[PDB]
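Asker: Shown below is the structure under consideration.
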Ligand SMILES: *[C@@H](C)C1=C(C)C(=O)N[C@H]1Cc1[nH]c(/C=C2N=C(/C=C3/NC(=O)C(CC)=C3C)C(C)=C\2CCC(=O)O)c(CCC(=O)O)c1C
Ligand SMILES: *[C@@H](C)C1=C(C)C(=O)N[C@H]1Cc1[nH]c(/C=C2N=C(/C=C3/NC(=O)C(CC)=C3C)C(C)=C\2CCC(=O)O)c(CCC(=O)O)c1C
């Protein structure tokens, strides 16, 4: 990882390592351009589960305020999205992907947010453990160090 | 939930990087000691940080002999070598090398390089002192990932 000098290779590594790390159903990188508008840029998904790129998922074309919360280091660890008080529109974004559990960590260095590293469990609800959250978020941070290095180099 | 209050990836000071490497490494492995042996610009290495379990000797409390020049064994680590030694008294080490570790009461010895693109920042080292100990593949991978993360942050300091 530390040696990668290509954006897409980094994103695909993160996504493979993340799913391996958590043994969950899907890991995704939702990456931000300069306007903090985001797109799904990579996905690792267990066989048989829906792939993001096969769906049309609505996503408002502006930077919503949760972007700033992640930028400051918010982590979302949701055991079951149907019990978490999500908006209907948000549930509708995750429904096609058959999400139950939702773990969202920032890929951020010095308050520059490169993206979000996201895990889903689809088969059933899943309580994310502290040590999984720590390891997944260290993976995000390492990926972020190498994304940032791209600019320097 | 929230990212940790201090992150290795957010450190912007050399010595802080070494001290968090050594704290996190000893917690990861639950071993007796973790050190960083860091290289200066002339490839001279120095123990710059240590985290050690209660009751075991501290590196800085000892006089450990160490040839003033860069030895040949350094190149193997620059190139990515890892040494994982279950019991240093049964590993065919030289007497002089044994005498560097005796004062620290080392039995097991794990050595991973802190290296990016052929720049060797140091070695991250773990000791078990209480008993011999066979380092597991999972431990070696995790310890080595920590070392590489530390190396990314040392490198960044140059750029910054
Ligand atoms: C519904 C289209 C929409 C309206 C209208 C609105 O104003 N905002 C939403 C619902 C909404 N969504 C989130 C959080 C996220 N939205 C994401 C967008 C995506 N685009 C995709 O292609 C995709 C498939 C993986 C998604 C999920 C993302 C990445 C997030 C953050 C991750 C997550 O929380 O799922 C919110 C904020 C929820 C909260 O934190 O309060 C809202 C209101
Ligand atoms: C003994 C003074 C000496 C002579 C003479 C010589 O030519 N080389 C040695 C013995 C020797 N040491 C190593 C490898 C290491 N030596 C280290 C130096 C240290 N300085 C310290 O303060 C200290 C306390 C922690 C140490 C251990 C270190 C860090 C190493 C690498 C890590 C390890 O292997 O313990 C060698 C090379 C042996 C090999 O790997 O083939 C030799 C011959």
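Chains as they are written, first to last, in the authors' numbering: chain A, 6 to 158; chain B, -1 to 158. All C-beta atoms in this analysis are idealised placements derived from N, C-alpha and C, irrespective of residue type, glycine included.
1) Taking the alpha-carbon positions, what's the residue 84 of chain B to residue 147 of chain A distance?
2) Taking the beta carbon of residue 28 of chain A as the centre, do at least 16 other beta carbons fall within 10 Å, making it buried, or is it exposed?
3) What is the DSSP secondary structure of residue 31 of chain A, reduced to helix, strand or coil?
4) Taking all protein chains shown into account, do 16 or more other C-beta atoms lie within 10 angstroms of the C-beta of residue 59 of chain B, making it buried, or fewer, making it exposed?
5) Using the rule of at least 16 other Cβ atoms within 10 Å of the residue's Cβ for burial, across every protein chain shown, is residue 142 of chain A buried or exposed?
6) Any contact of the segment 91 to 105 of chain B with the segment 55 to 74 of chain B, i.e. 3+ C-beta pairs under 8 Å?
7) I need the residues with a C-beta less than 5 Å from some heavy atom of ligand 1; please give them in chain order.
8) Given the structure, does residue 140 of chain A come close to ligand 2, in the sense that its CB is under 7 Å from one of the ligand's heavy atoms?
9) Give a yes or no on whether the minimum CB-CB distance between residue 78 of chain A and chain B is below 8 Å.
10) Look at the Cβ atom of residue 4 of chain B, then the Cβ atom of residue 16 of chain B, and state whether they are nearer than 8 Å.
11) May I ask you to list, following chain order, the residues of the segment 108 to 119 of chain A that have a beta carbon less than 7 Å from some beta carbon of chain B?
12) Just reading off the alpha helix (DSSP H) that residue 155 of chain B is part of, what are its end residues?
13) Cβ-heavy atom distance between residue 120 of chain B and ligand 2 below 7 Å?
14) Which residue marks the beginning of the alpha helix (DSSP H) containing residue 110 of chain A, and which one marks its end?
15) Cβ-heavy atom distance between residue 132 of chain A and ligand 2 below 7 Å?
Answerer: Concretely, from the data shown:
1) Walking along the second chain from the start, residue 84 of chain B turns up at place 86. Walking along the first chain from the start, residue 147 of chain A turns up at place 142. So the two alpha carbons sit approximately 30 Å from each other.
2) Against the first chain, residue 28 of chain A aligns to sequence position 23. Around the Cβ of residue 28 of chain A, a 10 Å sphere holds fewer than 16 other Cβ atoms; the residue is exposed.
3) As a working mapping, residue 31 of chain A is identified with position 26 in the first chain. If DSSP states are grouped into helix, strand and coil, residue 31 of chain A belongs with the strands.
4) Counted from its first residue, the second chain places residue 59 of chain B at position 61. Residue environment analysis places residue 59 of chain B among the exposed positions, since fewer than 16 neighbouring C-beta atoms fall within 10 angstroms of its C-beta.
5) Within the first chain, residue 142 of chain A is the residue found at index 137, counting from 1. Around the beta carbon of residue 142 of chain A, 16 or more other beta carbons sit within 10 angstroms, so the residue counts as buried.
6) Touching, yes, given that three or more Cβ pairs across the two stretches are closer than 8 Å.
7) The set, ordered by position in the chain, is A:35, A:45, A:62, A:63, A:64, A:65, A:71, A:92, A:94, A:95, A:98, A:109.
8) Working through the first chain from its first residue, we reach residue 140 of chain A at position 135. Not one heavy atom of ligand 2 lies closer than 7 Å to the C-beta of residue 140 of chain A.
9) Counting from one through the first chain, the residue named residue 78 of chain A turns up at place 73. Yes, residue 78 of chain A lies at the interface with chain B (some Cβ there is under 8 Å from its Cβ).
10) Position 6 of the second chain, counted from the start, is the residue given in the question as residue 4 of chain B. Position 18 of the second chain, counted from the start, is the residue given in the question as residue 16 of chain B. In this structure, residue 16 of chain B does not lie closer than 8 Å to residue 4 of chain B by Cβ.
11) Correct list: 111, 114, 115.
12) Here residue 155 of chain B is taken as the residue at index 157 of the second chain, counted from 1. Residue 155 of chain B -> alpha helix (DSSP H) spans 135 to 157.
13) For the purposes of this step, residue 120 of chain B is taken as the residue at position 122 of the second chain. Not one heavy atom of ligand 2 is found less than 7 Å from the C-beta of residue 120 of chain B.
14) Position 105 of the first chain, counting from 1, holds the residue named residue 110 of chain A. In the DSSP assignment, residue 110 of chain A falls outside any alpha helix (DSSP H) and within the unbroken beta strand (DSSP E) covering 106 to 114.
15) Counting from 1 along the first chain, the entry for residue 132 of chain A is found at position 127. Not under cutoff, so the answer is no.
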